[PDB]
2 protein chains.
Amino acid sequence: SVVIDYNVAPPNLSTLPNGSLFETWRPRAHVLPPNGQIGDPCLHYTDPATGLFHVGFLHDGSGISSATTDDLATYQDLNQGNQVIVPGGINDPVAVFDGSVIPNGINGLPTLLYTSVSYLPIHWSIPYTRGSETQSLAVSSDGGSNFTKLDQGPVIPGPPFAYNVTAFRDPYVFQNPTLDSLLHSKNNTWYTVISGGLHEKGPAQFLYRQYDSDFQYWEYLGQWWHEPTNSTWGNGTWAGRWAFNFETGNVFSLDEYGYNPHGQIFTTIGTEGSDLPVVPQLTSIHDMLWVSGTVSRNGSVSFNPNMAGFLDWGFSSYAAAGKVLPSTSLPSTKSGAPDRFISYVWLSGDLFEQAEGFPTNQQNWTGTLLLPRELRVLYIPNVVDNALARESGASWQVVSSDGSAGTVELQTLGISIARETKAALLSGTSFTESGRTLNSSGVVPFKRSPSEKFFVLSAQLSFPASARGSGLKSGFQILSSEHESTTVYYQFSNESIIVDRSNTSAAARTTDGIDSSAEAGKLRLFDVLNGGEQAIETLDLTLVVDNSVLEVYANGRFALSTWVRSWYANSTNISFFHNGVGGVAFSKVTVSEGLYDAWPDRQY
Amino acid sequence: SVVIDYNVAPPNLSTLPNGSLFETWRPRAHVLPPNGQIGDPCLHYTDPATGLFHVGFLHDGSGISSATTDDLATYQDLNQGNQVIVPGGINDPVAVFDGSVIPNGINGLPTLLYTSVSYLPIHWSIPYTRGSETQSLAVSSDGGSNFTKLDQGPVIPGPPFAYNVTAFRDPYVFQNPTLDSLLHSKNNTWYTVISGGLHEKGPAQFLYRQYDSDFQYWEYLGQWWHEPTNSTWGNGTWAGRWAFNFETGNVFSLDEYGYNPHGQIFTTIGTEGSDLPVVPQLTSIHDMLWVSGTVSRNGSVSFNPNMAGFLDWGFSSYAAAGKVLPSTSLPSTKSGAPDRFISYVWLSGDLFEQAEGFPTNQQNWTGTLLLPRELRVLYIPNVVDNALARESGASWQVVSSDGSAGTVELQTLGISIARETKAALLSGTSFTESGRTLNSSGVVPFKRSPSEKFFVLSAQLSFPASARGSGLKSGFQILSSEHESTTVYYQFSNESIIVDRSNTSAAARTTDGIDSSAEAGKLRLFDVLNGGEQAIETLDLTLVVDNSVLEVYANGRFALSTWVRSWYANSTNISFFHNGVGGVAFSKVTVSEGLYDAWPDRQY
Ligand code: NA
Ligand code: NA
């Protein structure tokens, strides 16, 4: 069968045999199935009996598949990658959508509450078919390889009486003593949020609590959070739009270290956006947002947002699912971590099924999850109390102020690679490129580049005072050779990290459905006071390249992830990049090469 | 194939070929399918476009079959007797139970609301499987031969939040301006009652009204009528028990002539009874009750029973379904009838599936509906105001009184054969047996008897004053020959009509599962004042024999129906019967022979 040589120019990839491009763009350090398509992650839980962390995801549009980890770095497939629960039962004859797990449930077994689907199609833009989405229970008695459906109807057969929902799915089970105290619930009551919205009103999270010890009945507590149709946090700059429908709602509570039941309450959601006029059955904008809020009561409970942002700025990033990972788990016991909230963002492989022409049968897989991320409250001290710091409707807020110093402490969402995964990514070969200051325009090669498309690059960029309000662009050119290059840079004129993919892939010239549009995410660098002098915040950059999967992290509070589908074997060189407009000081750049095998017990 | 000769003794009927006993016991003037089993009647409606009255019934445990009538005497099968709606859809993958029809519904078409079943088994005596019974919509666009299910989920997906129901089925749609005025509903609002009960509380009718013009949402109005588990009207003499579960609830309103929207409100129900201790999945008592009541409001509406009885006293009579038949219908236009409420009682053919051994495959049919019955308010004037008239918790009530005459007017439920059916039953040959008074004991042959097992017998029995409190038994012996006889008599010692079936069938000697136990129904004959003298009420008796189907009517307010499965061709003779205890005066007895063919367009 056919010979592949990545030093030779590519054909139209649609002409190659099935499976011939299996390895071409495939990551080694990310969660994705053995083959085929990955959809929304869900079902994650820690098994209290074994300590193993279980992860799950929709697989091939035909149910939920799953894997375990004892270290939060590497994974073991359950049921050989085949689905632990499939459609075709009485409650879910057409489909299985997201569900979440009560780890210590019916008979002390993991108990899945999930969206069972009986009628398609389903979309916020069209009229809703009554009973199309219900919430049903299943239980695993075999260690999470098979979830057996209860032989009864759904436990939540529909939305509240006469509600004209846009959607009613993705039930997310969670505990919270702040809710308990506000609602006089029994201690350690399980809550469920269901995500969707209302036609002619707008997106919403529907809130419930268990009524009975049996998980059979769920008492409706109201739309604890809802926003008008296509409205937006602030003026729309820092947290996209609330848009036409909420999906994949997660609810959890954080402090400075990780997860805390008494901590500040957060939610992550997908929003489904669109231009006007609306194109039937099309969601053109898939925003992956996080939201901080205060929960109060005046009859019924409300979640009132006080700041919001993106969990990942990638066009193709969406549908994140996360779970409490307790300190007692196997991974946390090995690493000494406190209680955490670990979230896996989904990276759709085909633009949410809008990449017609992509050589899908050649690759024989579609999509990945991003690296597990730890979520925590992040504080930014010694920020200069000016208009940059004080902007309303943004992704941070002032929590204290020092009139004498002229400073504020800021608060925002901390987003970083989970620690055991980060350390396993840095495990191999390790070299440093010298710091330097650049004033003129162009790319300057590193003295040494990684020899393969599997690396981490870490660097600090320091900008001088004149950078503010200039047309400066500075960063790195990666995955470069004669025929290809990808540029990642910060741009002050629109306060953004940009990924320029115009030259990323030689395959995009010969083949349809290989996207080359720019990716972008907003990032403000504040003014800070250190050693008694005022300066622009250091841009602390971490780039993880995993064959075709690029994740760009910054300052412990920013992520932008995308596909970088470079063809040529030589497209591995790294250079400094600066457009010449002002100057920039690069610290020493660390490069770690090779990453690690996240699936050590797989063949491929 | 085998020769049948009804002058020769029967074999064990279980040894004969399949279908060989098709005609043996089969009626000609009753509603039953072309072959196979009949279950609960339902689905009846008048088509406003054609004027045809449609009847329906469960058929072979596999959906609802239907037929039409233009005269309320004869019927035409729809869809050749095959079901107009079957199980195996998304909402009803396991079964279809009773439903009722809004005649002028979605797109002005007949619209069925019915119980769609997803989980079996279902019974009041066991724990209820969540979601086993829902209420779904279907619509017929082809004149009632096929009801197309709406391609959506159920419109009532379950009982109210956390209710531990015994049952939740048999939705009965009805209109009522008395309810409209009490509830401030829109004029001509459709109501639905659903029948069942609650574990640890008792049987109930759950009441709803349409929320929207679309029939999509049904607003819950409470348990408008409920009774404690296994309680009873009065002391249990005149209306059985309310028992452990209500089934087949009908609601309607009557005056003296027939149906009236502003009239007195009535309901008919089956009750499921049992001995203590309860045998799992067994209902041993199937009572077919009617109930009169007043409807009032104190927050939510209540139906408060003021009298109750049996619609039919037959052990095997149950599950009646009826419908408003307007004066504008085809049958009513021909007969000049006002608005009516026509009810068909079910006569189970096999003791509600407890007649093991019966030669079912030999007969190739099971069960029938009884003759259509007109329900109306019946007044009994000039009754002597004594303790017989004044008994509480009975099947009548005093509505006015005359202190001077020493009398009361009574009110009760009028039950008679629908008029066009009655006239078609009397259509043929017609002869009279002379009146006589009998004082000694024994049977006295009629001078002429009918030559076949298809006849109506009408007679008046007048009892002298000494009959009261005596051990008198008087009536008729029918279907008699050397080897067989059936006796129908009134008995003062327990105020009952009795059917003695001990000698009815020679087949019961040779064959299993042919019931020969006595049937009974309570009937009080009041003291009346006529021509200025006091007397025992005339017993006005009507017996309709339709091969094996016996229906006994009395005084326009009593029905007792049963199976009389006589074998020998000669078992057709009629005699007077009197046990000698006192005396009895028989008026002239009318006998009409042959009845009529209720299925003129069938082969068999
Ligand atoms: Na996105
Ligand atoms: Na009965």
Side-chain angles (χ1 to χ4, degrees), chain A residues 87-95 106 113 115-122 126-139 149-165 168-169 192 199 206 208-222, chain B residues 87-95 106 113 115-122 126-139 149-165 168-169 192 199 206 208-222:
Chain A
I90 295 298
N91 302 348
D92 50 13
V94 176
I106 296 175
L113 172 62
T115 298
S116 36
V117 180
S118 301
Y119 296 98
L120 282 172
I122 299 159
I126 57 163
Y128 193 81
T129 296
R130 182 81 177 282
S132 55
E133 304 165 309
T134 60
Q135 328 304 325
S136 288
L137 289 177
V139 174
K149 293 159 199 193
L150 296 196
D151 188 30
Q152 61 161 71
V155 292
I156 301 164
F161 181 75
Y163 278 24
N164 183 9
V165 294
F168 190 72
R169 59 168 169 279
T192 297
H199 284 274
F206 305 99
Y208 303 72
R209 66 167 173 205
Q210 80 178 303
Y211 189 74
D212 53 305
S213 47
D214 295 287
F215 311 113
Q216 189 60 42
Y217 297 107
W218 297 80
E219 185 184 0
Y220 184 51
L221 296 172
Chain B
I90 295 298
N91 302 348
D92 50 13
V94 176
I106 296 175
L113 172 62
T115 298
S116 36
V117 180
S118 301
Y119 296 98
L120 282 172
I122 299 159
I126 57 163
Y128 193 81
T129 296
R130 182 81 177 282
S132 55
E133 304 165 309
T134 60
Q135 328 304 325
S136 288
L137 289 177
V139 174
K149 293 159 199 193
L150 296 196
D151 188 30
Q152 61 161 71
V155 292
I156 301 164
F161 181 75
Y163 278 24
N164 183 9
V165 294
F168 190 72
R169 59 168 169 279
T192 297
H199 284 274
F206 305 99
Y208 303 72
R209 66 167 173 205
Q210 80 178 303
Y211 189 74
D212 53 305
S213 47
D214 295 287
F215 311 113
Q216 189 60 42
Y217 297 107
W218 297 80
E219 185 184 0
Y220 184 51
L221 296 172

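Letters A, B, ... mirror the listed sequences (proteins, then strands); counts begin at 1. Hydrogens, waters and symmetry mates are skipped; everything else that's a heavy atom, side chains included, is used.
Residues of residues 127-135 of chain B that come closer than 4.5 Å to chain A, counting heavy atoms only, are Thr129(B), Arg130(B), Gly131(B), ordered by residue number.
Going from atom OH of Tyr119(A) over to atom CG of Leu150(B) covers 9.0 Å, rounded to the nearest 0.5 Å.
In this structure, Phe161(A) and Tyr211(B) have side chains that are in contact, with non-hydrogen atoms separated by less than 4.5 Å.
Ranked by non-hydrogen atom pairs under 4.5 Å with chain A, the options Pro157(B), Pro93(B), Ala162(B) are led by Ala162(B). Among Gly158(B), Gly153(B), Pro154(B), the residue making the largest number of heavy-atom pairs under 4.5 Å with chain A is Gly153(B).
There is no contact between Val94(A) and chain B, counting heavy-atom distances below 4.5 Å. Heavy atoms closer than 4.5 Å to chain B are found nowhere in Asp212(A), neither backbone nor side chain.
Take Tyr163(A) and apply the ring-ring contact (aromatic ring centres under 6.0 Å, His included) test, not counting sequence neighbours, and it matches no residue.
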